[PDB]
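Asks:
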Amino acid sequence: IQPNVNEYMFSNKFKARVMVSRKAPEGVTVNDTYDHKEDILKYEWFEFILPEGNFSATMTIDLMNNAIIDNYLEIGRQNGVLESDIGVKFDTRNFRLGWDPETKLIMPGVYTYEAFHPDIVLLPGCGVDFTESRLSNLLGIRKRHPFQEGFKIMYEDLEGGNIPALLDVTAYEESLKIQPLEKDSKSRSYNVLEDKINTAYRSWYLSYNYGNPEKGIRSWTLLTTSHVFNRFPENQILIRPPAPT
Numbered sequence: 007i008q009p010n011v012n013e014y015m016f017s018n019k020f021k022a023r024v025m026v027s028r029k030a031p032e033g034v035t036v037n038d039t040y041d042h043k044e045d046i047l048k049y050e051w052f053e054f055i056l057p058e059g060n061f062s063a064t065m066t067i068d069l070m071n072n073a074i075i076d077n078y079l080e081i082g083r084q085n086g087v088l089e090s091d092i093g094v095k096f097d098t099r100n101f102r103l104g105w106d107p108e109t110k111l112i113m114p115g116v117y118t119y120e121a122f123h124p125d126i127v128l129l130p131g132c133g134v135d136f137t138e139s140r141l142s143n144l145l146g147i148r149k150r151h152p153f154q155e156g157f158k159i160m161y162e163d164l165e166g167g168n169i170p171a172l173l174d175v176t177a178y179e180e181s195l196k197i198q199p200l201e202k203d204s205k206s207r208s209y210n211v212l213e214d215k216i217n218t219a220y221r222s223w224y225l226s227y228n229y230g231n232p233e234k235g236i237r238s239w240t241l242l243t244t245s283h284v285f286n287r288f289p290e291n292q293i294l295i296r297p298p299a300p301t
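Mapped onto the deposited numbering, the consecutive letters of the sequence shown carry residue numbers 7 to 181, 195 to 245, 283 to 301.
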C-alpha cells in the first residue's frame with residue numbers, strides 16, 4: 007500500500023516559528039540586578055521533517071512535538087532559550103475545563119487531561135505554517151475557505167484563546196488565598212501574564228470554541244475530525297497530551 011506519512015503525499019513536513027535566542031541587550035553584564043524582562047527575544051522559521059510511516063494520529067502529534075524539541079536542543083537552549091520559552095506545542099485537551107467564573111482560574115490546579123481534539127498551543131512570537139503541509143488535515147484543522155491561499159495560524163491570530171492559569175492549590179489549602200500558579204516543579208515558569216488570571220500560552224481549540232465567533236480564528240478555520285515524548289512530565293502545559301482511548 008502506502009504509508010500515512012510519506013514525502014510523496016507531503017505529510018511529513020510542516021513549518022513553524024520558534025524562539026531562537028535570549029540575550030541581554032548590549033553589554034548589560036547580567037548580574038543579580040538584572041530584571042530579565044528586558045531580554046531580546048529573536049524568533050525564526052524552520053521546516054520540520056518527521057520520519058515516514060503510518061504513525062496513527064496521536065503518534066503523529068508525538069512526532070510533531072519531538073521535531074519542535076529537537077530544534078530547541080540544537081540551537082534553542084544554546085543561545086539562552088529556556089524550557090519556559092518553547093512556543094509550538096501540539097496538544098489534544100481542552101485547557102478551559104477547570105475554569106471558574108468567580109475566580110477565573112482553574113480550581114483543580116491541573117488541566118483536565120482528557121483528549122478532545124488535536125490542538126495547537128503557542129507562545130507570543132510563534133506560529134505554525136501548514137501552507138506546504140498536509141498534516142493540518144490530519145490534525146482536523148482545515149481552512150474554512152478552500153481557496154484561501156496559505157494556512158498560517160500564528161499567535162496573534164488566536165485572540166481570546168489564552169490558557170487560564172492554574173490555581174496554587176497548595177496555598178489555597180493553606181487557609195482564602197486564591198493565587199495563580201507561577202511556576203511548576205523544577206521551577207520553570209508557567210508565564211502568568213501579569214493579570215494573574217491567564218497564561219501567555221494561546222490554544223487554537225480555545226480561540227475556536229471560547230473566542231469571539233467573528234474576528235477570531237473560527238472566522239477562517241474549521242474544526243474537522245482527525283520518556284522521550286514526555287520530556288516535561290511535571291509541566292502541565294508541556295506534558296504529553298492524552299490519547300483518545
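Even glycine gets a Cβ: it sits at the ideal position worked out from N, Cα and C.
1) Starting from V11, follow its DSSP beta bridges and name the residues at the other end.
2) Using the Cβ count rule (16 or more neighbours within 10 Å means buried), how would you classify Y14?
3) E162 by DSSP, collapsed to three states: which one?
4) Please list the segments of the alpha helix (DSSP H) lying wholly inside the stretch 41-122, counting only runs of 4 or more residues, in order along the chain.
5) Using beta-carbon positions only, say whether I74 and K95 come within less than 8 Å of one another.
6) Per DSSP, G133 forms a beta bridge with which residues?
7) What whole-angstrom Cβ distance do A30 and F54 have, given they're in contact under 8 Å?
8) Cα-Cα, which of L200, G104 and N72 is closest to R296?
9) Looking at the structure shown, is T218 part of a helix, part of a strand, or coil, going by DSSP?
10) For the alpha helix (DSSP H) that contains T176, what are its first and last residues?
11) Report yes if the CB atom of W239 is closer than 8 Å to the CB atom of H151, and no otherwise.
12) In this structure, how does DSSP classify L225 when only helix, strand and coil are distinguished?
13) Given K205, which residues of its chain have a CB within under 7 Å of its CB, disregarding the five upstream and five downstream residues?
14) Excluding five sequence neighbours on each side, which residues of the same chain lie with their C-beta closer than 8 Å to the C-beta of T98?
15) What do you get for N37, buried or exposed, if any count of 16 or more other CB atoms within 10 angstroms of its CB means buried?
16) Around the Cβ of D214, are there at least 16 other Cβ atoms within 10 angstroms (buried) or fewer (exposed)?
17) State the start and end residues of the unbroken alpha helix (DSSP H) segment that holds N143.
18) DSSP three-state label for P124, please.
19) To the nearest angstrom, how far is it from the Cα of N10 to the Cα of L56?
20) If you draw a straight line from the alpha carbon of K48 to that of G86, how long is it in whole angstroms?
21) Could you please give the first and the last residue of the uninterrupted beta strand (DSSP E) stretch that includes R237?
Replies: Working from what's here:
1) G59
2) exposed
3) helix
4) 64-77
5) yes
6) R23 and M160
7) That belief does not hold up - the Cβ atoms of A30 and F54 are roughly 29 Å apart, past 8 Å.
8) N72
9) strand
10) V175 to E179
11) yes
12) helix
13) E290
14) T64, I67, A121, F122, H123, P124, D125, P297, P298, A299 and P300
15) exposed
16) exposed
17) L141 to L144
18) strand
19) 12 Å
20) 11 Å
21) Looking at the DSSP string, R237 is not in any beta strand (DSSP E), and its letter there is neither H nor E.
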